Asks: 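Next up is a structure, given as structure tokens.
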8 protein chains.
Amino acid sequence: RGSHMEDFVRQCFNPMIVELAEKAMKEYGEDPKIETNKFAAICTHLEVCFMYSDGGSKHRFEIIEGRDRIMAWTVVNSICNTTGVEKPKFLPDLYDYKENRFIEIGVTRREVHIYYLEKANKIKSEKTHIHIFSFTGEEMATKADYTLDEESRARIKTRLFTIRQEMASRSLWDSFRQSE
Amino acid sequence: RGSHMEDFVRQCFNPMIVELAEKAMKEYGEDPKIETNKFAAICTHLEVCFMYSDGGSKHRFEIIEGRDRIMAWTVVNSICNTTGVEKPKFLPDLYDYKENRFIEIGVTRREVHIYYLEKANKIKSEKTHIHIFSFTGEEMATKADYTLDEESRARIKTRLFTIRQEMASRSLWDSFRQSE
Amino acid sequence: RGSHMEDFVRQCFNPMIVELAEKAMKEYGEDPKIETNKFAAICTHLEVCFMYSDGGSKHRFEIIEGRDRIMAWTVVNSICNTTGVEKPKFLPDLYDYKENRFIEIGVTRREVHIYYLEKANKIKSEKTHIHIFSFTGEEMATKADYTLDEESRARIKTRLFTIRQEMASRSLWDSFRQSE
Amino acid sequence: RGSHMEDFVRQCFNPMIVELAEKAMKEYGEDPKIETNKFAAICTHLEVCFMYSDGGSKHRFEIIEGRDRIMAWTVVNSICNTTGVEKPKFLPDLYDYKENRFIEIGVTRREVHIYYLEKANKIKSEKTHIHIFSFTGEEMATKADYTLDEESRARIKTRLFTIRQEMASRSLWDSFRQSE
Amino acid sequence: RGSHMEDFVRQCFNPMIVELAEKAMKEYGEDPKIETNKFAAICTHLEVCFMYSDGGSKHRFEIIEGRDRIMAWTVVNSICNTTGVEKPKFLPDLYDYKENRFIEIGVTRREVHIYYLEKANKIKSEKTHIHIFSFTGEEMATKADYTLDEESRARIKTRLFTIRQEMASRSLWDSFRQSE
Amino acid sequence: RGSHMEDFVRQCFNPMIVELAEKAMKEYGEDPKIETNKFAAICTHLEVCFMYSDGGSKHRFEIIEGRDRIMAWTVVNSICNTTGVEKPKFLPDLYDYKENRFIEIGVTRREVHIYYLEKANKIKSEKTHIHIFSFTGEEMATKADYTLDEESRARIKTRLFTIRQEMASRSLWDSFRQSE
Amino acid sequence: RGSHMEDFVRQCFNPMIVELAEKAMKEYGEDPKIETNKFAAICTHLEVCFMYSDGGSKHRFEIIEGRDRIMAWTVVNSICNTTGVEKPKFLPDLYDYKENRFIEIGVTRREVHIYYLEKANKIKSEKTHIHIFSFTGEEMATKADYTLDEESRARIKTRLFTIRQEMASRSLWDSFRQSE
Amino acid sequence: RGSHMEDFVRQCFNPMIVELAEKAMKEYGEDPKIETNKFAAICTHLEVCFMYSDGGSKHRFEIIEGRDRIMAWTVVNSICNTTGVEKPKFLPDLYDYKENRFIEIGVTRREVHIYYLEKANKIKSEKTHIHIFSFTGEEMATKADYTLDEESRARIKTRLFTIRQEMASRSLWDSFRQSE
Ligand SMILES: COc1cc(CCNC(=O)c2[nH]c(-c3c(F)cccc3F)nc(=O)c2O)ccc1O
Ligand SMILES: COc1cc(CCNC(=O)c2[nH]c(-c3c(F)cccc3F)nc(=O)c2O)ccc1O
Ligand SMILES: COc1cc(CCNC(=O)c2[nH]c(-c3c(F)cccc3F)nc(=O)c2O)ccc1O
Ligand SMILES: COc1cc(CCNC(=O)c2[nH]c(-c3c(F)cccc3F)nc(=O)c2O)ccc1O
Ligand SMILES: COc1cc(CCNC(=O)c2[nH]c(-c3c(F)cccc3F)nc(=O)c2O)ccc1O
Ligand SMILES: COc1cc(CCNC(=O)c2[nH]c(-c3c(F)cccc3F)nc(=O)c2O)ccc1O
Ligand SMILES: COc1cc(CCNC(=O)c2[nH]c(-c3c(F)cccc3F)nc(=O)c2O)ccc1O
Ligand SMILES: [Mn+2]
Ligand SMILES: [Mn+2]
Ligand SMILES: [Mn+2]
Ligand SMILES: [Mn+2]
Ligand SMILES: [Mn+2]
Ligand SMILES: [Mn+2]
Ligand SMILES: [Mn+2]
Ligand SMILES: [Mn+2]
Ligand SMILES: [Mn+2]
Ligand SMILES: [Mn+2]
Ligand SMILES: [Mn+2]
Ligand SMILES: [Mn+2]
Ligand SMILES: [Mn+2]
Ligand SMILES: [Mn+2]
């Protein structure tokens, strides 16, 4: 399956992020060589989660996304059993040691408005914080609490718009947008 | 001596921490292949001491634990002979340059209450600060002065509860708990 | 699933071999955390294939085992389309540039006699060379042509018997033997 | 073309900075082996841009200089399309996430006065911030807003005067000064 | 210029080979982003030259291809001025210290027959040895002297056919073949 | 010249510090194999200078000690020609970009009182700041301005007393003390 | 215990060899800080064993010396159980895959004559090969079969005489010689 | 002393060879910044000695050149005291374990004829082998025994002629030739 999207994903994202998105997709019964648009989505969501944890302090964030299903749930139990936050129903992306809450990071191709509502209806735990990023440069967080400073968030938006530009340069953006 | 506990310890802790706990046990006439529960304890105590010094400033802590007996006592003399703190009777774990005191780090499987009293009766030097961590997520420090920020301490509790979970997953926690 | 076998496999084989055996099992719908005996078999077979290619000359062997299914078949086509050997029905392990033939490497827990016959009935291509190794130290190759020198083969047998010893030391050999 | 200036440039600046200045010159139809004085200028301007971004915070600056023409313009579009700053007519050197503006870094051999006016007449976008450095130790920024702290700027002036000293020691400064 | 061929070239060949082919093309006034088929050809020819020198002894071959124009001609002069071979009119790829002759390596998409004749008419120096490789697996050398052993040459043919397969998988082979 | 002191110096200080002290001594016509006590002094003074610059900010200090005579004077000229401080008569150890002054670091075996007076009479430039450290743990700076925080200075005193302890353990301290 | 011999051993032998000799001595109830002459002997014997295995082919030798007691005996069992050689009574140093025999390497300070007889009376297994080296440059092997080529053995003798020279330069050779 | 020759030497030879030639010159009371032609000679002679030892077998040559005066004489004593060759009056460059003799490597700018006679009159030990290389490509060894194979020697001549070309390109060859 010689897909242009797959070759672009492998040259756009670092090898370690590509390997993690490939392990995550294969675990859930998805083929990155065939589900090439979703392949680009898992990498993008992974990178955003990594830059997000790169903002703030060194011991500030515990990274849940990127681990295997069993170990990610193991760290979630340890965080709940030492701090006291309720165990979320769905796997979140990070945990904020500064604010004592889980973070669900979203990357959308539509307006940040519908996606957050979609993620807020899924997350029954009202404690879990939600932060949505768009490929257009718009963002949206729970209670207008954007956690990070403006410049760590600005770096993420700039990166998201560069991925869009490179996709549109290869005529792959249109399929990517009409795929979410 | 093919012990499950030993194989789990070697895959749970980093090689450098394993090598240090092995050198420390052999020096005191203990075999890590036979004293496998204590082997897990020396590694756990070592890691906690390392994360503890990772909190705070770069030049903040002097690490006493993890060295050989003679060199650890050499650094203790140098700290006493330049700052003026009294020479402790027993080897401590760290020295706080910010607060000018030695720190005795404890990791217990019972309630933090009995362990601290056990360590407070041993440490005749009332100057030495005591900080106890539990596998349940509870902590306890001298004069309620927990030295580090809440999040550096939270990371240690989360790690301690993950070690417990992995031990219980392998049916090794019960023997570990009824061993201290 | 806290399995002693899994923890022993991760400490017995190098991380890169473990990662390859995990990718290979997951691709064929197998869980290394549950199929722990087979997990030890894929690692052992992988290592033997790597030591086998380490024998002989630098450009002598092309390693087919250890790649993903599609790329392994891609290299097989390239070898057939430049040398002229017939395309094998099943994926082999190596290709010998010195002798111009594919090699099927076997690692068995029974007598090398039954396993080779089992592999000779499967391999319809009589051109493909077969080389069987046992955990007891016995070996068996097609037409008594053992390809490598005696000492490269001796190193593989010694390694296979060390894996057996470590397994029996942990009381895991009996389950491993009655599992093939 | 055995030029003393070229050999001094290769031993004065790090290899990565030399490689970038060589790629930048060749793209614009310039030969570093013949345009040896300009070769020293591109390296010097590159280093100053790198030390400038080394000042301040980790996520503070986005480095535009040093990339190829197409990618540098790609990051500029992403910054404009997520923050809202106007697209500059000419390629700048950095973007300040803290102050939300592009920075044009200048390194001159004359008085900082004429060079800034020369760069202020070229930059039609009044939003773009201008910061000029001289080989004599003088500096000059837009609205007297020097962005960085005094010591990050002091390190750049010291480096610029060391390059001058090494050039004059090799009797290459006079040609370099009468070349801008 | 979002070209599928360019993204495939960057993921097919190692970064160091890609960087060398990019420097070589830009020097001769060629854009790898636009001349994407030739971009794949320079990388392929470079790799073949590197594997070719990897065959034989350690001090056997002097690599001429891959250097800048001036330095490649400098090494050619040094080889002629110490051994005595005539200075070739055109830049060759290697020099054989074992056989005391220059080697011109060719990689063609047509039959090895026409390409060698094309290269034999260009190379006036009858001393220079010619070795042609095809993407089909055929090879052809001067005086039937193929220099290397069969297996070093076999590895090159296998690699050439894998590049073809990956190109055809992405529907890029047809344009590549009808481009030489 | 098999000196115990030389073998202890090579095992006490890191190789890079040893190499710098050896280059510095040989430049001034001193043999580290014969002047073994001074060899220990140059290493100790070098390390203290390096830990001192490790305190404070990243761009805070410019390290003058440890360079060759000509380059150290080159950086001194650049600092004077961009900030405006007077050119010191003797080579200092550091420059403070935060406080805009040169620092002369001293390590003595007698009382800090006589050494500073000895260094204050030599340094005609009253602008240059003086900071003296002793092997007993006492320190002494110009105008009681100790530049660094207490804990960066405490780390230096602890290290100095450990060097003393290791020297006295090998019966080399007495010769070292009666040598300054 | 500030011993000159210990400081010389740490600067004469590489850190990895020093760490192995320290682990070996501590396991057998010996202190390298007190048994400093034997400390030099374990390092010397270890290095000679490593250079010896460095001679010959890559897969030629299996290194038994340098492992912990249990694992060294594990590899010995695997070699006996795959080749068929009798299990030696005492732990040897190497195994020769080329000649199918164990090797006992000796390093002596007396004449090679008495030491070999001392080692030949201990080794009941007449199959085990014995190879003795002296600090004077003399060697002595079983059946005059010196296994390695003359130059690999010559390198070992040269190294042994350099260790002697450095010891005598520090006036430590006399104690070392009158210690075996 | 801004010398073109010094800047060319630092960019022509690797940093490790430059550092060794600088240590060797300073030991004998020579300044590489002033004796720039000799600086180029020590580097060239060092490199040739290193390529020469790179030819042949791995354990074949013992490198005497490049060490400090005392250690080089220490290895010479060890070689004489284990093999039996007479102690040379002057420090040689290598020792051949294959042929059991010392090698004096020469690099000359005149005809190899006069230089060898100059070196043969100095070397009283007729046992020491002499091998002379010229910048023109001519070589000359004792008893026509050139030790290495033709291609290892050819690589050295090619390198020597490239150094000449780069020197003449910078107009530094004429001074270098009229300096020996
Ligand atoms: C079941 O879904 C899949 C999840 C994964 C790994 C990511 N794990 C998440 O939990 C997750 N997934 C998504 C998401 C999605 F919900 C739909 C489409 C694309 C996405 F990236 N957005 C998030 O923010 C987030 O945290 C791999 C394969 C899967 O099929
Ligand atoms: C003598 O005891 C031993 C100590 C060590 C190394 C640790 N050195 C300590 O000083 C230390 N030991 C312990 C501790 C304990 F007291 C009992 C059981 C397990 C422990 F980890 N807790 C600490 O907090 C602490 O600082 C190795 C082997 C020993 O037998
Ligand atoms: C479908 O089988 C599986 C194969 C693999 C990867 C190995 N690929 C092989 O082709 C292969 N497999 C086996 C083998 C086997 F046939 C049965 C049990 C265990 C084995 F290791 N022996 C070989 O020699 C060999 O080359 C992963 C998971 C699979 O389920
Ligand atoms: C077209 O000009 C060239 C630019 C470059 C790369 C640098 N890209 C810039 O945009 C740039 N150039 C300059 C500059 C200049 F304007 C004149 C002379 C020397 C200079 F360094 N100063 C800056 O501050 C700056 O940002 C390479 C080759 C070129 O010919
Ligand atoms: C001429 O003196 C020598 C200096 C050096 C390099 C150190 N360069 C200094 O300038 C310096 N020297 C000293 C010092 C001293 F003055 C006497 C004895 C020992 C010392 F370390 N203390 C400092 O604080 C300081 O900065 C190498 C060899 C020399 O003979
Ligand atoms: C029990 O002896 C000890 C052995 C070791 C590790 C070495 N293991 C050996 O088996 C060995 N020991 C010796 C040897 C000796 F026999 C006496 C004195 C010094 C020696 F190096 N020579 C060999 O050749 C050899 O192979 C560590 C501490 C020990 O006390
Ligand atoms: C005393 O001479 C010096 C030697 C050295 C280090 C090299 N050690 C040698 O022994 C040596 N020197 C020379 C040589 C020479 F004899 C004259 C001029 C240039 C040379 F490279 N050619 C050799 O082949 C050789 O082995 C450094 C500085 C010295 O002044
Ligand atoms: Mn998620
Ligand atoms: Mn998410
Ligand atoms: Mn402790
Ligand atoms: Mn403790
Ligand atoms: Mn297979
Ligand atoms: Mn197989
Ligand atoms: Mn610019
Ligand atoms: Mn600029
Ligand atoms: Mn060609
Ligand atoms: Mn100084
Ligand atoms: Mn000083
Ligand atoms: Mn032995
Ligand atoms: Mn010499
Ligand atoms: Mn010589």
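So you know, we letter chains A, B, ... as the sequences are listed, proteins then strands, and number each from 1. All values below come from the heavy atoms of this structure, side chains included, with hydrogens, waters and symmetry mates left out.
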Asks: What's the verdict on side chain to side chain contact (heavy atoms under 4.5 Å, CB included) for C:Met71 and E:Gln165, showing C-alpha distance, side-chain angles and the deciding distance?
Replies: CA-CA 10 Å; C:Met71 187 67 180; E:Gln165 285 188 265; over 6 Å; no

Asks: Could you go step by step and tell me if C:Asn100 and E:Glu150 meet the side chain to side chain contact (heavy atoms under 4.5 Å, CB included) rule?
Replies: CA-CA 10 Å; C:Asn100 305 80; E:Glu150 179 173 318; 3.6 Å; yes

Asks: How long is the straight-line distance from CZ of E:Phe161 back to OG1 of C:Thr82, given to the nearest 0.5 Å?
Replies: 8.0 Å

Asks: Report the C-alpha separation of C:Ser78 and E:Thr158 in whole Å, then their side-chain angles, then the decisive distance to 0.1 Å, and conclude whether the side-chain hydrogen bond (donor to acceptor under 3.5 Å, both in side chains) test is met.
Replies: CA-CA 5 Å; C:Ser78 308; E:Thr158 298; over 6 Å; no

Asks: What pair of heavy atoms forms the shortest contact from C:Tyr97 to E:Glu151, and how long is it?
Replies: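 Closest approach of C:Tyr97 to E:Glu151: O-CG, 3.2 Å.
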
Asks: Can you tell me which of E:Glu138, E:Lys157, E:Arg159 forms the most heavy-atom pairs within a distance under 4.5 Å of chain C?
Replies: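 Between E:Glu138, E:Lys157, E:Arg159, the count favours E:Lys157.
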
Asks: Taking side chain as everything from C-beta outward and backbone as N, CA, C, O, which of these in E:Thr136 sits under 4.5 Å from a heavy atom of chain C? Side chain, backbone, both or neither.
Replies: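 Only the backbone of E:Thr136 comes within 4.5 Å of chain C.
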
Asks: Mind running side chain to side chain contact (heavy atoms under 4.5 Å, CB included) on E:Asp54 and C:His59 for me, showing each step along the way?
Replies: CA-CA 9 Å; E:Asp54 199 24; C:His59 291 178; 3.1 Å; yes

Asks: Between CZ of E:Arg164 and OG1 of C:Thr74, what distance do you get to the nearest 0.5 Å?
Replies: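 One gets 13.5 Å once the value is rounded to the nearest 0.5 Å.
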
